[PDB]
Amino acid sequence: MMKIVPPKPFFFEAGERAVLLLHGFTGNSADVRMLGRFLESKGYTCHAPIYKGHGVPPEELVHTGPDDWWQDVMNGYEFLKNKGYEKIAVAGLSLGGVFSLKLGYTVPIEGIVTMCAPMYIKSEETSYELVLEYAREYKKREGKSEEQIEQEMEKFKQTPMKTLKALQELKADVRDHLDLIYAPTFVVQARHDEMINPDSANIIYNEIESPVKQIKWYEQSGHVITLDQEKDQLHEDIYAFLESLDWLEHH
């Protein structure tokens, strides 16, 4: 057995334009680091928080939920503010996508990128499976026997996972609020998404009130689009998106 080293946030100082980067459920800042590195090379400052309960034992994760994770997201926004960045765009993977939309109708936001954010029901069973997968993998890495993983997996299944329905509640609430969003928005969806109902992206695209909005479909990617094989195209598209936004204080 072995302690597992938890993941850290990152802050890539470059220029006067700022982007908050938000990761997926059970993931961490690694989900968005390559995009961070790319945007930094184009002169964009980048902060990526970690949600509470993430990158730690699965028993610790199910003591957390979106009220906690929302607090890390808001803390990330405030972090860039306090370092002096006035205009902040936001870009999120999946769950990070949902928090980016939520940020859209809560605080001043230059632009939103939502990557494969769920809005329907496939999310509910695959979030459960994802949690089991993280758990087995974390248990393995810490070097536990198969029989001890099987024991601790059965116990994990039979103990409260209320975070899974809190997630569904977040999803519904953000969705019920989509028509409050006016900020320019880029919807990004993987065609062959086995984690969410991908029509979710039509939902987001259609129901926001943003005058400026775009949707792109990615035909060769799975759910985790930032780490899949079309990511370099995604880098470009997100960059072009940010370059098309305002970023200037008007008289």
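Residue positions are given as counts along the sequence shown, with the first one as 1.
K.L.:
Higher mean Cα B-factor in the deposited model: 141-149 or 110-118?
P.N.:
Looking at the recorded C-alpha B-factors, 141-149 comes out higher on average.
K.L.:
Per the entry, where is the mean C-alpha temperature factor higher: 122-130 or 88-96?
P.N.:
Averaging CA B-factors over each stretch, the winner is 122-130.
K.L.:
According to the deposited entry, which of 49, 222, 184, 27 has the largest Cα B-factor?
P.N.:
If I rank 49, 222, 184, 27 by C-alpha B-factor, first place goes to 222.
K.L.:
Based on the entry's values, in what third of the chain does the Cα temperature factor of residue 207 lie: lowest, middle or highest?
P.N.:
Lowest third, going by the recorded CA B-factors of the chain.
K.L.:
Quick check on the deposited entry: does the C-alpha B-factor of residue 213 sit in the lowest, middle or highest third of its chain?
P.N.:
Lowest third of the chain for residue 213's C-alpha B-factor.
K.L.:
Mind checking which third residue 54 falls in for C-alpha B-factor across the chain?
P.N.:
Lowest third.
K.L.:
Name the third of the chain's ranked CA B-factors that contains residue 164, choosing lowest, middle or highest.
P.N.:
As the PDB entry reports it, the C-alpha B-factor of residue 164 lands in the highest third of its chain.
K.L.:
Quick check for you: using the entry's CA B-factors within this chain, is residue 72 in the lowest, middle or highest third?
P.N.:
Its C-alpha B-factor, which the entry lists for residue 72, ranks in the lowest third among residues of this chain.
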